[PDB]
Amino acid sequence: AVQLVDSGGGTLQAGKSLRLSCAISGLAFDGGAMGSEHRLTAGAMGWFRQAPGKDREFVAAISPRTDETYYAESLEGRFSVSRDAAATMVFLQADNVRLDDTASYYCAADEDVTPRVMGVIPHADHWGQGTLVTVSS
């Protein structure tokens, strides 16, 4: 039973630092369908967000067994994806939260698709419940 549980939601003032976490469970990240032969060349855990009244847009993702990451050109200098070596948790951090960010954040995970492919298509087999983030004055 695959499961994704986002968290870190709430609200903050412009400039405050937010940390988001997502507990994945039910994914072996053992090279997806292809097989163990692909343990290292496959899989992705990342983040997406939806601005109230806007499209679901990709933010960033990291590799489940490697250090590969990928960010939406628009955000390499305002966000940072991380992962726990265990490969059962994903973290999206950001400091100096702008109001441009205010929106709902969702974590995704795909057994066999690189973090880059996950971001460009975009694509992901599993989505998180969604956690709302909203900045103020």
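When you see a residue number, it is the position in the sequence shown, counting from 1.
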Q) Mean CA B-factor: is it higher for 108-116 or for 79-87? A) 79-87
Q: Higher average CA B factor in the deposited record is what I'm after, so tell me if that's 20-28 or 7-15.
A: 7-15
**Q.** Among 33, 72, 94, 62 - the residue whose C-alpha B-factor is largest in the record
**A.** 94
Q: Report the third (lowest, middle or highest) to which the CA temperature factor of residue 98 belongs, ranking only the modelled residues of the same chain.
A: highest
Q. Split the chain's modelled residues into thirds by Cα B-factor; is residue 39 in the lowest, middle or highest one?
A. lowest
